[PDB]
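**Student:**
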Amino acid sequence: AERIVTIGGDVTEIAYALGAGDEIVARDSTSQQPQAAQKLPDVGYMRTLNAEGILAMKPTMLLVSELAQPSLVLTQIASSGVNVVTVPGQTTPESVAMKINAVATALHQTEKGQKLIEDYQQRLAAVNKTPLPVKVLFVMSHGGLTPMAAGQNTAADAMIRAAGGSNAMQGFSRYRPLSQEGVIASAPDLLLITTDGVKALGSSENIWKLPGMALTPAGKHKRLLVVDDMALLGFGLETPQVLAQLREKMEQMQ
Ligand code: HEM
Ligand code: HEM
Numbered sequence: 026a027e028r029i030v031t032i033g034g035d036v037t038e039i040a041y042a043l044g045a046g047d048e049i050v051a052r053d054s055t056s057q058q059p060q061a062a063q064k065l066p067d068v069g070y071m072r073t074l075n076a077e078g079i080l081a082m083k084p085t086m087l088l089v090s091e092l093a094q095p096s097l098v099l100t101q102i103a104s105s106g107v108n109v110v111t112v113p114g115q116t117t118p119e120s121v122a123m124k125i126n127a128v129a130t131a132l133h134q135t136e137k138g139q140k141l142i143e144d145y146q147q148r149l150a151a152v153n154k155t156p157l158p159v160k161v162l163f164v165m166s167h168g169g170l171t172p173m174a175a176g177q178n179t180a181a182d183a184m185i186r187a188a189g190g191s192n193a194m195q196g197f198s199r200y201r202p203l204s205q206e207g208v209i210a211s212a213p214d215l216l217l218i219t220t221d222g223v224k225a226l227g228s229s230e231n232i233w234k235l236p237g238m239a240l241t242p243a244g245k246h247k248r249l250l251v252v253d254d255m256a257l258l259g260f261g262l263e264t265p266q267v268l269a270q271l272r273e274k275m276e277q278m279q
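Residues 26 to 279 in the authors' numbering are what the sequence shown spells out, letter by letter.
1) Roughly how many whole angstroms lie between the Cα atoms of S211 and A243?
2) For the alpha helix (DSSP H) holding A269, just list the boundary residues, first then last.
3) Given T116, which residues of its chain have a CB within under 6 Å of its CB, disregarding the five upstream and five downstream residues?
4) Determine the extent of the beta strand (DSSP E) in which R148 is found, giving its start and end residues.
5) If we count Cβ pairs, one from each stretch, closer than 8 Å, do we get three or more for the stretch 63-75 versus the stretch 119-137?
6) How many Å lie between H167 and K224 at the Cα?
7) Extract the residue ranges of the beta strand (DSSP E) inside the stretch 152-229, only unbroken runs of 3 or more that lie entirely within it.
8) Sorted by chain position, which residues of the same chain lie with C-beta nearer than 6 Å to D253's C-beta, five sequence neighbours on each side aside?
9) Any idea if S90 is buried or exposed, counting beta-carbon neighbours within 10 angstroms, 16 or more meaning buried?
10) Looking only at DSSP bridge pairs, what is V109 linked to?
11) Do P213 and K274 have their C-beta atoms within less than 7 Å of each other?
12) Sort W233, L87, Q134 by Cα distance to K245 and report the nearest one.
13) State the beta-bridge partners of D67 as determined by DSSP.
14) Determine contact between the stretch 81-100 and the stretch 27-37, defined as no fewer than three beta-carbon pairs at a distance below 8 Å.
15) Tell me where the beta strand (DSSP E) around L250 begins and ends.
16) Near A45, which residues of its chain fall below 7 Å by C-beta distance, leaving aside the five closest residues on each side in sequence?
17) Report whether the distance from the Cβ of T219 to the nearest heavy atom of ligand 1 is below 6 Å.
18) Can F197 and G176 be called in contact, C-beta distance under 7 Å?
19) Three or more C-beta pairs under 8 Å: does that hold for the stretch 99-107 against the stretch 41-57?
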């Protein structure tokens, strides 16, 4: 009966995992998992939504990450009479259990969610969270934009800290353009980048041509880790696995 639009790759992946695949009629740009979701219509990007694109799908329920903007579009969609359910957007490993809970409560699959939660906690718990003296620089590369580093108050910065590592970039929030001096002062031991960032750059050649990268301990030892964009930053079900790659790569640097 329900025509569900899910917004937020984390939300979508959880809805699908709670067995609602059949009822989801559309989703946002950040939602690309599972692949089944890639075949659904794209209503736009979570951070720049427009009401018309969502309402054209005639949803009965909108499951939306709190990270969604502009907020008044949700108000507007709710006034039109669709059930708008908000999902917590904290970039924290403990936050995922909260996300699963809100989604399940909304789908009336409380028990299914409870099960999914235990599996996530069981997978998360297996990861060594002991702090390690390794500094990490996360870089986001587009095709047509200057490369950018993550400060604090980012998912990337939370991910790094949760793996037991340290954010090489300090003293600022969100993202900033790379500069040779900035990067070099950062002195990362490990360069963290996304799968798409790699494609945007070309080859490993261009990777170490990033401003100042070669003049860092990371660039000297070619210490690199490439992870799926949303797996790394989405704080959904794949969080434990990504923390594992990151932890392993750090431990292996002793
Ligand atoms: C017009 C298109 C886009 C614009 C203008 C844009 C802009 C931004 C900006 C400025 C930030 C960080 C600053 C802030 O949060 O205020 C950000 C974060 C992020 N973006 Fe977008 N973006 C776009 C498209 C996309 C798409 C298509 C994806 C699909 C995966 C995406 C995924 C993310 C994620 C996962 C973050 C969180 C990073 C973190 O917390 O470390 N973005 N985006
Ligand atoms: C940090 C993680 C981020 C991710 C995973 C991400 C992801 C994406 C993706 C998938 C696109 C679509 C690419 C395209 O259409 O060419 C995009 C576009 C865009 N992003 Fe990001 N983004 C991030 C951060 C940022 C930040 C911090 C900014 C700050 C300016 C930004 C600015 C933009 C802009 C202006 C576009 C639109 C380009 C166009 O329309 O041609 N993004 N982003």
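Where a beta carbon is used, it is the ideal one built from N, C-alpha and C, also for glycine.
**Tutor:** Let's see:
1) Each residue's alpha carbon lies about 10 Å from the other.
2) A269 -> alpha helix (DSSP H) spans 264-276.
3) If we look at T116 and ignore the five residues flanking it on each side, its Cβ neighbours are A180, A183, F260.
4) Per DSSP, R148 belongs to no beta strand (DSSP E); it is in the alpha helix (DSSP H), 135-150.
5) Output reads no: the stretch 119-137 does not touch the stretch 63-75.
6) In this structure, the CA atom of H167 is about 9 Å from the CA atom of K224.
7) With a minimum length of 3 residues, the continuous beta strand (DSSP E) runs that stay inside the stretch 152-229 are 160-165, 173-175, 200-202, 215-219.
8) Excluding sequence neighbours, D253 sits near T220.
9) It counts as buried.
10) Partner(s): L87.
11) Taking 7 Å as the Cβ cut-off, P213 and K274 do not qualify as a contacting pair.
12) Cα-wise, what sits closest to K245 is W233.
13) Looking at the DSSP assignment, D67 forms a beta bridge with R52.
14) Under the Cβ criterion (8 Å, minimum of three pairs), the stretch 81-100 counts as touching the stretch 27-37.
15) For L250, the enclosing beta strand (DSSP E) covers residues 249-252.
16) Answer for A45: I29, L132, listed in chain order.
17) Not under cutoff, so the answer is no.
18) Contact flag set, yes.
19) In short, these stretches do not touch, since the Cβ pair count stays below three.
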